[PDB]
file coords_20.txt (compact mmCIF, C-alpha atoms and all ligand atoms)
# COMPACT_ATOMS: atom_id res chain seq x y z
CA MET I 1 -24.19 -86.37 -152.33
CA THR I 2 -27.03 -88.75 -151.32
CA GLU I 3 -26.30 -92.44 -150.59
CA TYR I 4 -28.94 -95.09 -151.42
CA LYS I 5 -28.86 -98.41 -149.47
CA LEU I 6 -30.34 -101.17 -151.65
CA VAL I 7 -30.85 -104.83 -150.70
CA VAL I 8 -31.23 -107.63 -153.29
CA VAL I 9 -33.38 -110.52 -152.07
CA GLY I 10 -34.82 -113.61 -153.70
CA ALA I 11 -34.69 -117.44 -153.76
CA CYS I 12 -31.51 -119.45 -154.53
CA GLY I 13 -30.33 -119.00 -158.17
CA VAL I 14 -32.84 -116.34 -159.34
CA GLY I 15 -29.91 -114.09 -160.39
CA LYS I 16 -29.26 -111.77 -157.36
CA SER I 17 -25.45 -111.84 -157.80
CA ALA I 18 -25.65 -111.74 -161.66
CA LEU I 19 -27.86 -108.61 -161.53
CA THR I 20 -25.66 -106.84 -158.97
CA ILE I 21 -22.34 -107.52 -160.82
CA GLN I 22 -24.09 -106.50 -164.08
CA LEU I 23 -25.11 -103.16 -162.57
CA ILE I 24 -21.84 -102.44 -160.74
CA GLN I 25 -19.27 -103.80 -163.25
CA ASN I 26 -21.24 -103.96 -166.58
CA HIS I 27 -20.42 -107.65 -167.24
CA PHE I 28 -22.30 -111.00 -166.83
CA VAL I 29 -20.98 -113.60 -164.36
CA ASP I 30 -22.21 -117.14 -164.89
CA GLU I 31 -20.73 -118.98 -161.94
CA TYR I 32 -20.80 -116.52 -159.04
CA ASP I 33 -20.43 -118.25 -155.65
CA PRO I 34 -24.01 -119.15 -154.57
CA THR I 35 -23.09 -118.71 -150.81
CA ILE I 36 -21.22 -115.35 -150.80
CA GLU I 37 -23.04 -112.34 -149.44
CA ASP I 38 -21.39 -108.97 -150.11
CA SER I 39 -21.94 -105.27 -150.69
CA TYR I 40 -20.92 -103.05 -153.64
CA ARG I 41 -20.60 -99.27 -154.14
CA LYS I 42 -21.16 -97.34 -157.43
CA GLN I 43 -21.45 -93.59 -158.14
CA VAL I 44 -24.25 -93.12 -160.75
CA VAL I 45 -26.40 -90.41 -162.28
CA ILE I 46 -30.15 -90.97 -161.87
CA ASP I 47 -32.33 -88.42 -163.66
CA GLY I 48 -30.11 -85.37 -163.02
CA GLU I 49 -28.74 -86.17 -159.54
CA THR I 50 -25.26 -87.74 -158.99
CA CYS I 51 -25.68 -90.32 -156.22
CA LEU I 52 -23.82 -93.25 -154.57
CA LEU I 53 -25.49 -96.71 -154.49
CA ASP I 54 -24.58 -99.21 -151.75
CA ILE I 55 -25.98 -102.57 -152.82
CA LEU I 56 -26.15 -105.54 -150.46
CA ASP I 57 -26.35 -108.81 -152.48
CA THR I 58 -27.87 -111.34 -149.99
CA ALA I 59 -26.98 -115.07 -149.84
CA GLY I 60 -26.94 -118.00 -147.41
CA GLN I 61 -29.50 -119.44 -144.98
CA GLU I 62 -32.06 -116.94 -143.54
CA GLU I 63 -31.45 -115.79 -139.93
CA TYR I 64 -34.05 -114.00 -137.81
CA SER I 65 -31.79 -112.75 -135.06
CA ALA I 66 -32.16 -109.19 -133.68
CA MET I 67 -28.73 -108.36 -135.26
CA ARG I 68 -29.65 -109.54 -138.83
CA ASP I 69 -33.12 -107.83 -138.44
CA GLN I 70 -31.38 -104.49 -137.40
CA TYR I 71 -28.98 -105.00 -140.31
CA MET I 72 -31.86 -105.41 -142.89
CA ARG I 73 -33.81 -102.42 -141.31
CA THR I 74 -30.80 -100.30 -142.47
CA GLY I 75 -31.74 -101.06 -146.14
CA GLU I 76 -33.75 -98.14 -147.67
CA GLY I 77 -35.01 -100.07 -150.72
CA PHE I 78 -35.50 -103.73 -151.59
CA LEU I 79 -35.06 -105.44 -154.98
CA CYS I 80 -37.32 -108.55 -154.75
CA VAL I 81 -36.15 -111.01 -157.38
CA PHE I 82 -37.65 -114.15 -158.84
CA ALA I 83 -36.74 -116.02 -162.11
CA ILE I 84 -39.55 -116.20 -164.73
CA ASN I 85 -38.82 -119.99 -165.24
CA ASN I 86 -39.06 -120.76 -161.49
CA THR I 87 -42.66 -120.67 -160.07
CA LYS I 88 -41.44 -121.45 -156.52
CA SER I 89 -39.18 -118.31 -156.52
CA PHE I 90 -42.22 -116.23 -157.55
CA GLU I 91 -44.30 -117.74 -154.69
CA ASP I 92 -41.36 -117.01 -152.26
CA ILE I 93 -41.88 -113.24 -153.03
CA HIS I 94 -44.76 -112.99 -150.43
CA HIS I 95 -42.45 -114.19 -147.64
CA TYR I 96 -39.66 -111.64 -148.57
CA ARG I 97 -42.21 -108.79 -148.62
CA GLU I 98 -43.60 -109.90 -145.17
CA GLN I 99 -40.07 -110.03 -143.65
CA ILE I 100 -39.22 -106.60 -145.13
CA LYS I 101 -42.59 -105.10 -143.89
CA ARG I 102 -41.98 -106.66 -140.42
CA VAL I 103 -38.36 -105.38 -139.86
CA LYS I 104 -39.18 -101.97 -141.34
CA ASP I 105 -42.39 -101.91 -139.21
CA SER I 106 -44.25 -100.31 -142.19
CA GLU I 107 -46.59 -101.30 -145.05
CA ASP I 108 -44.85 -98.60 -147.14
CA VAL I 109 -41.30 -99.78 -147.93
CA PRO I 110 -39.59 -98.76 -151.22
CA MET I 111 -39.61 -102.02 -153.22
CA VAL I 112 -39.41 -103.27 -156.86
CA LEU I 113 -40.53 -106.70 -158.11
CA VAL I 114 -37.97 -108.20 -160.55
CA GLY I 115 -38.67 -111.04 -162.96
CA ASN I 116 -35.15 -112.15 -163.99
CA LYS I 117 -33.84 -114.47 -166.78
CA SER I 118 -36.27 -112.91 -169.36
CA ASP I 119 -33.83 -114.19 -172.10
CA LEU I 120 -34.76 -117.80 -171.29
CA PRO I 121 -37.16 -119.65 -173.71
CA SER I 122 -38.61 -121.49 -170.69
CA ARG I 123 -41.20 -119.32 -168.90
CA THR I 124 -43.54 -120.57 -166.11
CA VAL I 125 -44.51 -117.16 -164.67
CA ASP I 126 -46.56 -115.06 -167.12
CA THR I 127 -45.84 -111.30 -167.24
CA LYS I 128 -49.54 -110.37 -166.49
CA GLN I 129 -49.65 -112.49 -163.28
CA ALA I 130 -46.42 -110.88 -161.98
CA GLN I 131 -47.76 -107.42 -163.07
CA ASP I 132 -51.07 -108.15 -161.27
CA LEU I 133 -49.14 -109.16 -158.09
CA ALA I 134 -47.03 -105.92 -158.07
CA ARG I 135 -50.26 -103.87 -158.64
CA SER I 136 -51.87 -105.39 -155.42
CA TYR I 137 -48.56 -104.54 -153.55
CA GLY I 138 -48.51 -101.04 -155.14
CA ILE I 139 -44.93 -101.48 -156.42
CA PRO I 140 -43.19 -101.36 -159.85
CA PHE I 141 -42.60 -104.59 -161.85
CA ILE I 142 -39.50 -104.77 -164.10
CA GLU I 143 -38.56 -107.76 -166.25
CA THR I 144 -34.75 -108.30 -166.49
CA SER I 145 -31.95 -110.38 -168.05
CA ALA I 146 -28.62 -110.16 -166.20
CA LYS I 147 -27.25 -112.12 -169.24
CA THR I 148 -28.18 -109.42 -171.91
CA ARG I 149 -28.29 -106.47 -169.41
CA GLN I 150 -32.01 -105.92 -170.39
CA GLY I 151 -33.80 -103.81 -167.71
CA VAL I 152 -30.89 -104.02 -165.21
CA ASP I 153 -30.32 -100.21 -164.84
CA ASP I 154 -34.11 -99.67 -165.02
CA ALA I 155 -34.62 -102.10 -162.07
CA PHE I 156 -32.09 -100.39 -159.72
CA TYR I 157 -32.90 -96.85 -160.95
CA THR I 158 -36.67 -97.38 -160.42
CA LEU I 159 -35.88 -98.52 -156.84
CA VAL I 160 -33.88 -95.32 -156.14
CA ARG I 161 -36.81 -93.27 -157.50
CA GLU I 162 -39.05 -95.30 -155.10
CA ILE I 163 -36.79 -94.29 -152.13
CA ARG I 164 -36.86 -90.63 -153.40
CA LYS I 165 -40.75 -90.63 -153.39
CA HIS I 166 -40.64 -92.07 -149.79
CA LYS I 167 -38.13 -89.53 -148.35
CA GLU I 168 -40.03 -86.46 -149.73
CA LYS I 169 -43.20 -87.63 -147.81
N1 LIG I 201 -30.02 -117.25 -168.71
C1 LIG I 201 -29.84 -116.55 -167.59
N2 LIG I 201 -29.16 -117.09 -166.58
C2 LIG I 201 -28.99 -116.23 -165.55
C3 LIG I 201 -29.42 -114.92 -165.45
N3 LIG I 201 -29.01 -114.36 -164.25
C4 LIG I 201 -28.35 -115.33 -163.66
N4 LIG I 201 -28.32 -116.50 -164.39
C5 LIG I 201 -27.74 -117.78 -163.98
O1 LIG I 201 -28.53 -118.33 -162.94
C6 LIG I 201 -27.67 -119.00 -161.99
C7 LIG I 201 -27.81 -118.38 -160.62
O2 LIG I 201 -27.50 -116.96 -160.71
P1 LIG I 201 -26.91 -116.14 -159.51
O3 LIG I 201 -26.46 -114.76 -159.84
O4 LIG I 201 -25.82 -116.92 -158.78
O5 LIG I 201 -28.11 -116.09 -158.46
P2 LIG I 201 -28.30 -115.95 -156.88
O6 LIG I 201 -28.19 -117.24 -156.20
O7 LIG I 201 -29.68 -115.35 -156.84
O8 LIG I 201 -27.30 -114.91 -156.41
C8 LIG I 201 -26.25 -118.93 -162.58
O9 LIG I 201 -25.96 -120.08 -163.36
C9 LIG I 201 -26.32 -117.66 -163.43
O10 LIG I 201 -25.35 -117.59 -164.46
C10 LIG I 201 -30.18 -114.36 -166.54
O11 LIG I 201 -30.67 -113.24 -166.60
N5 LIG I 201 -30.34 -115.27 -167.58
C1 LIG I 202 -32.82 -111.30 -146.16
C2 LIG I 202 -34.27 -111.34 -145.67
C3 LIG I 202 -34.82 -112.76 -145.88
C4 LIG I 202 -35.09 -110.40 -146.59
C5 LIG I 202 -35.26 -108.97 -146.09
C6 LIG I 202 -35.89 -108.94 -144.70
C7 LIG I 202 -35.15 -109.87 -143.79
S1 LIG I 202 -35.08 -109.58 -142.07
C8 LIG I 202 -34.02 -110.92 -141.84
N1 LIG I 202 -33.60 -111.25 -140.61
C9 LIG I 202 -33.74 -111.55 -143.05
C10 LIG I 202 -32.85 -112.67 -143.06
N2 LIG I 202 -32.14 -113.56 -142.99
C11 LIG I 202 -34.37 -110.92 -144.17
MG MG I 203 -25.65 -115.09 -155.24
call {"tool": "encode", "arguments": {"input": "coords_20.txt", "output": "structure tokens", "more": "lines below"}}
Ligand SMILES: Nc1nc2c(ncn2[C@@H]2O[C@H](COP(=O)(O)OP(=O)(O)O)[C@@H](O)[C@H]2O)c(=O)[nH]1
Ligand SMILES: CC1(C)CCCc2sc(N)c(C#N)c21
Ligand SMILES: [Mg+2]
result
Amino acid sequence: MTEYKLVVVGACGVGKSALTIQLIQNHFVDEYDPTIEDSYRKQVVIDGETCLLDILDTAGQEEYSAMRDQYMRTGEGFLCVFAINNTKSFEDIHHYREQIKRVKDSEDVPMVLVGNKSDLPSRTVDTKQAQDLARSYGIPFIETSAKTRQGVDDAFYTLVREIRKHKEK
């Protein structure tokens, strides 16, 4: 069966770890270590195909060494996460996209924009502005809540579909 290498990126505290644990283990984790970077495997069924997901949950200070660049190049798809109550994390999206485009040496990288913490009453990033941004990038936009599990499967599943469309080219 096919293996899909997914990388979860985004600013500090947007919910990278919460979304990953939620997908892999079907439970919400409130206090996951903000500095631990790790990978997780899960056999899933997307559409009709049984496939294995290998998800790298990124953390820690950014490092632009040849090694870390070669390591990120390995990723087939990128989950670009911001929190809908953090404007700065939404503006940090550009920079993640540019680093992904650079290491992949392509303008066509499977990618999904994720607006996390949709359950929160505080919202500083409107849905239409994030939708407009993903439209200029030509990528899907999925709103999520790692707390309520809203859109979690949709976010990772859409990314796999994005890798599938890329491979068949
Ligand atoms: N209300 C709410 N809090 C969330 C959500 N996802 C994560 N959090 C909280 O946001 C904080 C940072 O989340 P975390 O997974 O560590 O993010 P990371 O630094 O991006 O890996 C923690 O207090 C989480 O419990 C969500 O969807 N809703
Ligand atoms: C994790 C992230 C910031 C996002 C994905 C593209 C690249 S390439 C590189 N050396 C990185 C680091 N550190 C990254
Ligand atoms: Mg984390």
call {"tool": "residues_around", "arguments": {"input": "coords_20.txt", "residues": "stretch 92-102 of chain I", "least_positions_apart": "4", "cutoff": "10 Å", "atoms": "all atoms listed in the file", "output": "PyMOL selection string"}}
result
chain I and resi 9-11+64+69+72-73+75+77-78+80-82+87-88+106-111+113-114+133+137
call {"tool": "residues_around", "arguments": {"input": "coords_20.txt", "residues": "residue I:118", "least_positions_apart": "2", "cutoff": "12 Å", "atoms": "all atoms listed in the file", "output": "list in words"}}
result
residues 14, 15, 82, 83, 84, 85, 86, 114, 115, 116, 120, 121, 122, 123, 124, 125, 126, 127, 142, 143, 144, 145, 146, 147, 148, 149, 150, 151 and 152 of chain I
call {"tool": "atom_distance", "arguments": {"input": "coords_20.txt", "atom1": "atom CA of residue I:54", "atom2": "atom CA of residue I:90"}}
result
25.2 Å
call {"tool": "atom_distance", "arguments": {"input": "coords_20.txt", "atom1": "atom CA of residue I:158", "atom2": "atom CA of residue I:70"}}
result
24.7 Å
call {"tool": "closest_atom_pairs", "arguments": {"input": "coords_20.txt", "of": "chain I", "to": "ligand MG 203 (chain I)", "cutoff": "6 Å", "atoms": "all atoms listed in the file", "output": "CSV"}}
result
residue,atom,partner,partner_atom,distance
I:16,CA,I:MG203,MG,5.3
I:17,CA,I:MG203,MG,4.1
I:34,CA,I:MG203,MG,4.4
I:59,CA,I:MG203,MG,5.6
call {"tool": "closest_residue", "arguments": {"input": "coords_20.txt", "among": "I:130, I:160, I:18, I:139", "to": "residue I:52", "atoms": "only C-alpha atoms"}}
result
I:160
call {"tool": "atom_distance", "arguments": {"input": "coords_20.txt", "atom1": "atom CA of residue I:154", "atom2": "atom CA of residue I:45"}}
result
12.4 Å
call {"tool": "axis_aligned_box", "arguments": {"input": "coords_20.txt", "around": "stretch 124-130 of chain I", "padding_each_side": "4 Å", "output": "lines of an AutoDock Vina configuration file"}}
result
center_x = -46.6
center_y = -115.5
center_z = -164.6
size_x = 14.1
size_y = 18.2
size_z = 13.3
call {"tool": "closest_residue", "arguments": {"input": "coords_20.txt", "among": "I:112, I:117, I:60, I:8", "to": "residue I:159", "atoms": "all atoms listed in the file"}}
result
I:112
call {"tool": "residues_around", "arguments": {"input": "coords_20.txt", "residues": "residue I:71", "least_positions_apart": "4", "cutoff": "12 Å", "atoms": "all atoms listed in the file", "output": "PyMOL selection string"}}
result
chain I and resi 5+7+56+58+63-67+75-76+100+103-104
call {"tool": "closest_residue", "arguments": {"input": "coords_20.txt", "among": "I:1, I:74, I:167, I:36", "to": "ligand LIG 201 (chain I)", "atoms": "only C-alpha atoms and all ligand atoms"}}
result
I:36
call {"tool": "residues_around", "arguments": {"input": "coords_20.txt", "residues": "residue I:49", "least_positions_apart": "6", "cutoff": "12 Å", "atoms": "all atoms listed in the file", "output": "ChimeraX atom specification"}}
result
/I:1-3,43,157,160-161,164
call {"tool": "decode", "arguments": {"input": "coords_20.txt", "residues": "stretch 122-133 of chain I", "atoms": "N, CA, C and O atoms", "output": "CSV table (one decimal), in the first residue's frame"}}
result
chain,number,residue,atom,x,y,z
I,122,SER,N,-13.4,34.1,20.2
I,122,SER,CA,-12.5,35.1,19.7
I,122,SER,C,-12.1,34.7,18.3
I,122,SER,O,-11.7,33.6,18.0
I,123,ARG,N,-12.2,35.7,17.3
I,123,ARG,CA,-11.8,35.4,15.9
I,123,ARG,C,-11.3,36.7,15.4
I,123,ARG,O,-12.0,37.7,15.4
I,124,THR,N,-10.0,36.8,14.9
I,124,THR,CA,-9.4,37.9,14.4
I,124,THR,C,-9.1,37.8,12.9
I,124,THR,O,-8.9,38.8,12.2
I,125,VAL,N,-9.2,36.5,12.4
I,125,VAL,CA,-9.0,36.2,11.0
I,125,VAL,C,-10.3,35.8,10.4
I,125,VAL,O,-10.8,34.7,10.8
I,126,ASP,N,-10.9,36.6,9.5
I,126,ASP,CA,-12.2,36.2,8.9
I,126,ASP,C,-12.0,35.1,8.0
I,126,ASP,O,-11.0,35.0,7.4
I,127,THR,N,-13.0,34.2,7.8
I,127,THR,CA,-13.1,33.1,6.9
I,127,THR,C,-12.8,33.5,5.5
I,127,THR,O,-11.9,32.9,4.8
I,128,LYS,N,-13.5,34.6,5.0
I,128,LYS,CA,-13.3,35.1,3.6
I,128,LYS,C,-11.9,35.5,3.3
I,128,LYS,O,-11.4,35.1,2.2
I,129,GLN,N,-11.2,36.2,4.2
I,129,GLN,CA,-9.8,36.6,3.9
I,129,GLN,C,-8.9,35.4,3.8
I,129,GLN,O,-8.1,35.3,2.9
I,130,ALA,N,-9.1,34.4,4.7
I,130,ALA,CA,-8.3,33.1,4.6
I,130,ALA,C,-8.6,32.3,3.3
I,130,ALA,O,-7.7,31.7,2.7
I,131,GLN,N,-9.9,32.3,2.9
I,131,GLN,CA,-10.4,31.7,1.7
I,131,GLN,C,-9.8,32.4,0.5
I,131,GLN,O,-9.4,31.7,-0.5
I,132,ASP,N,-9.8,33.7,0.5
I,132,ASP,CA,-9.2,34.5,-0.6
I,132,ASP,C,-7.7,34.2,-0.7
I,132,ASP,O,-7.3,34.0,-1.8
I,133,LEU,N,-7.0,34.2,0.4
I,133,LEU,CA,-5.5,33.8,0.4
I,133,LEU,C,-5.2,32.5,-0.2
I,133,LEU,O,-4.4,32.4,-1.1
